[PDB]
Every structure is written in C-alpha cells, then in structure tokens.
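Only one chain is shown below, in structure tokens, and it's the form deposited in one PDB entry.
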C-alpha cells in the first residue's frame, strides 16, 4: 500500500480495540513471542491466544484490511455496550493476561512481565507517633490525572505527591490506635514499555474532559524514581498516541512504528503517513480530538523491543493451521 502497514476492519463499537491492537502489534518483541505460543490443539473459537496469533499474522501478511471477529468472540465481549462499559487498560489486561498464561512453561515464558511490569513502593508515615509501613506493588500501566495539570510532568509530580490522613479518615496505626499520617507512592522500576492512560473520563454519568494536556516526544523520568542508575537512565521515547473525538466519537491511533520519528495515522482501514505535529501537538486539547493514552519506550530498550520481524519468525504448525482456515473460509 502507501505505507507498507495495513489497516483493520471496523466490525462494531469496539472503540479503542483497533488502536490498541495496532499498538500491541507494533511492539515487535511481544509479536515474536505470541507467534511462539503452543496453540497446537486449542479449540479454534474459544482460545484468546490463537485468535491473537491470527490477527498478528494477518496484519503482517495481508494486503487487505484485517478482521477482528473471531477475537471479539474469543474473549467474550459481544454485547452492544461491552466496550462502552470498560476502558482500554481493562481490554489490554484481558489480552495480555491470557497470553502471559499460555506462555507458561515455554521458551517465551515471562515476556509480558518483562515488557510491561514495573515496581512501585506504597508507604504510610504517621506524623506524631513514630510508625512507617512500606510494601511493593506491581503495575502494568499508569493512570495519570489531567484536570488542572498542564503537562505530563505535572501529572507525575501529582502521582508521587504525599497525601494526608486527618480527622475524618485517620490512619489505624494498629497498636498506636488512630493516627494522623501521610501516604505516598514512589517508583522503584519503570518497565521497557510504558502504558500511560490519561484520565479524561470522569463522573451525572461520566463525561469527557478536553482541556490542554501536553506530552513530549522525549520524557525524562529519572527524577521520579526512588534511586537512579547512571548506566540506564529513565528516558522514554514516544511510540504511540491513542486518540478519540467528541463525547459522536471517532477513535484513531498515531504511531512511529520503528521509533525513528516517522509517523503514521491508523484510521481503521486507512493508513497514511503524517507529520509529527498531527501525532503530537495536535493531540494536546485546547479551546476536541485528543489523546487518552500514550506508549513510551525506554531508549535503552528501543532495539530489543522494536526488533525486526520477518516471516521466518512465525512457525510452521501455526502457518499451515492459519493457511487451512482461510481455505475453509474460501469454501464460503
């Protein structure tokens, strides 16, 4: 085609599904691992793993907009409002949890963790009485506040900011009875691929915010870590920008698939090249087409994560099993 990349078919109010699928698909290391997944004897209709192998294979080889129908059935979101009553990270968590589980006792075990799991500390400090309490807490994504925050940095600052527990919802320091305290969070690790959700949907039903929130092509996060490391500093490259319109809502995803800063818009079946300004700055908001989710890759990890993927990477049992189904489909 015009781009070398191909689109996905619209077959429902799947909303963010197509944006999310092309984002996962262009996370080449994830792709490679999905292809190695022992889906030999899987029921061809109820296996989320295989279904996703299908879509990836398809987006890699076909000239023709790919379809999602078997996948939507796969994981059982089939009602009118099933995608309207969840967010992206819930879908994402459904797809990755499936695939991480399938990948147990295999060559590719532990890929999803390695790609997207970071580590946070959650601490509670009482002011007067001396008592403190830390504990680790894994995350595969971050939800960042927007309202009243001008740019990413301000959202991070707000995330790791300390909060008080006075009067009404004091802290049970246990032996020490109710106590005034501060609780906060801090990062121990940031993963290779960093899924950040922007908090534009709030509740008399939920409404979409649309104010200006800015983010950069390059994101220094070292400041937000509990202890840094001058060998691998926490600098992220922007990889995808997932976007929505209105309240009436269109859903597109911008990508720079190779991390080289050459951008494409993915509007279902239409995939054109575009400027960095349409991808980035045009998605800030202001006074209502704008970004709800961002994917950043650590610069140290760019190459491994975006490693090149040929057709040799798909294995044989899969290729021929995928081949057959098209043929049975051809019988019509």
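Numbering follows the first chain given and starts at 1. What we label the rigid core is the largest C-alpha set whose atoms superpose within 1.5 Å from one form to the other.
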* Please establish whether a third or more of the other compared PDB entries omit coordinates for residue 298. => no
* Asked: When the other PDB entries of this protein are compared, is residue 70 left blank in at least a third of them?
  -> no
* Mean temperature factor over C-alpha atoms, higher-scoring stretch between 272-280 and 39-47 -> 39-47
* **Of 236-244 and 131-139, the one with larger mean CA B-factor** => 131-139
* Determine which member of 213, 116, 203, 187 has the highest CA B-factor, using the values in the deposited entry. => 203
* Which of these, 32, 265, 54, 64, has its C-alpha atom at the highest B-factor, as the entry lists it? -> 64
* residue 288 - Cα temperature factor, lowest/middle/highest third of chain -> highest
* Structure fact -> Quick tally, chain-level thirds of C-alpha B-factors: residue 105 sits in the middle
* **residue 68 - Cα temperature factor, lowest/middle/highest third of chain** => middle
* To do: Give the position of residue 159 by CA B-factor within its chain, expressed as the lowest, middle or highest third.
  => middle
* To do: Would you mind checking where the Cα B-factor of residue 303 ranks among the modelled residues of its chain, as the lowest, middle or highest third?
  => highest
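Beyond the structure shown, there is the form solved in complex with a partner chain, which is absent from this document and is the topic of what follows.
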* Asked: Does the trio 26, 57 and 194 actually contact its partner chain in the entry with it bound, every residue with a heavy atom within 4.5 Å?
  -> no
* Asked: Using heavy atoms and a 4.5 Å limit, would one call residue 186 a contact residue for its partner chain in the entry with it bound?
  -> no
* Asked: Within a 4.5 Å heavy atom cut-off, is residue 260 in contact with its partner chain in the entry with it bound?
  -> no
* Asked: Are any of the heavy atoms in residue 252 no more than 4.5 Å from a heavy atom of its partner chain in the entry with it bound?
  -> no
* To do: Tell me, yes or no, whether residue 130 is in contact with its partner chain in the entry with it bound, where a contact means a heavy atom of each within 4.5 Å.
  => no
* Structure fact -> Core-superposed between this form and the one not shown, the one of 90, 229, 166, 223 with a C-alpha shift of 2 Å or more is 166
